[PDB]
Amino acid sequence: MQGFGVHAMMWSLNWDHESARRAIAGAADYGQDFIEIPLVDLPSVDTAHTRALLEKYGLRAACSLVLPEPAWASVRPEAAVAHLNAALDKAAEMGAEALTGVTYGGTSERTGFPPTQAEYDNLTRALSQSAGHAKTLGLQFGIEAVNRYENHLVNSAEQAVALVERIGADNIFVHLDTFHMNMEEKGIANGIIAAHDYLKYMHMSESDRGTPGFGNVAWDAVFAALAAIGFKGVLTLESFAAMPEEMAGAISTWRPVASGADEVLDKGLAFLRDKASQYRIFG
């Protein structure tokens, strides 16, 4: 998996038939190599229709998700293995090449206490079996580290690496998010250096979830480190600029993040492509 990507939420929150087409056509109009397709309601996604659309527009894809609370692997690992295996099935039917995201828990998961060894044991056994199922399907399996307000289990790149190393599956990769690294990494580039050869997917996201290039992420440090470790994964723009006010509660966003999704695709995709070139990413 290598090239530039855009998250489908730049257009669509749902994945009905038309939403799928509008997002896929848009990502192709912006010359992306990948679209990242969110899986929120597994019954509702038509895998054959999505595969046809991708073929029409010469686009590749990865899927992402967040485990629903009944499937949180830290307490209910068997429900997680079922839900992730189900997700991997529809990913592989779609033509996607990986499932990534918060594949290990929730984005409002707290126990109130530091993460325990019994929790990390459930995670290890849950992710071990599903990545296995991913391997039988030829898919890769990602783990996105997120900030301490969303999850208590995987916050820093170091914790994601330690999880991957314990499972021992060569088809699991570490997935980092510049919005979350901005809070969690002691110097954002240190997240990328810790991940090193496990790092195969990035969410390139401004510090306010707006337009990359216009916030607090130290993009030179980020691209310095991706270049120095020889990064050859996917760089996917993640922004909240097209989120309606209804989505507020699910994403903890209470006021507009940018002027509009048009501005974010125009300027944010070109910024990521021009920084990639300055630092000879994929060179």
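Sequential numbering from 1, following the sequence displayed.
Checked against the record, the higher mean CA B factor of 256-264 and 10-18 lies with 10-18. Taking the mean C-alpha B-factor of each stretch as recorded, 149-157 and 83-91 are not equal, and the higher mean is that of 83-91. If you compare the C-alpha temperature factors of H196, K186, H180, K135 in the entry, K135 comes out highest.
When the C-alpha B factors of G101, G213, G210, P114 are read from the deposited coordinates, the top value falls at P114. In this PDB entry, the Cα temperature factor of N190 sits in the bottom third of its chain's modelled residues, the lowest group. In the deposited entry, the Cα temperature factor of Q129 places it in the highest third of its chain's modelled residues. For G142, the recorded CA B-factor ranks within the lowest third of the chain. Only modelled residues enter the ranking. Among the modelled residues of the chain, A250 sits in the highest third by CA temperature factor in this PDB entry. Remark: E55 belongs to the highest third of its chain, ranked by C-alpha B-factor as recorded.
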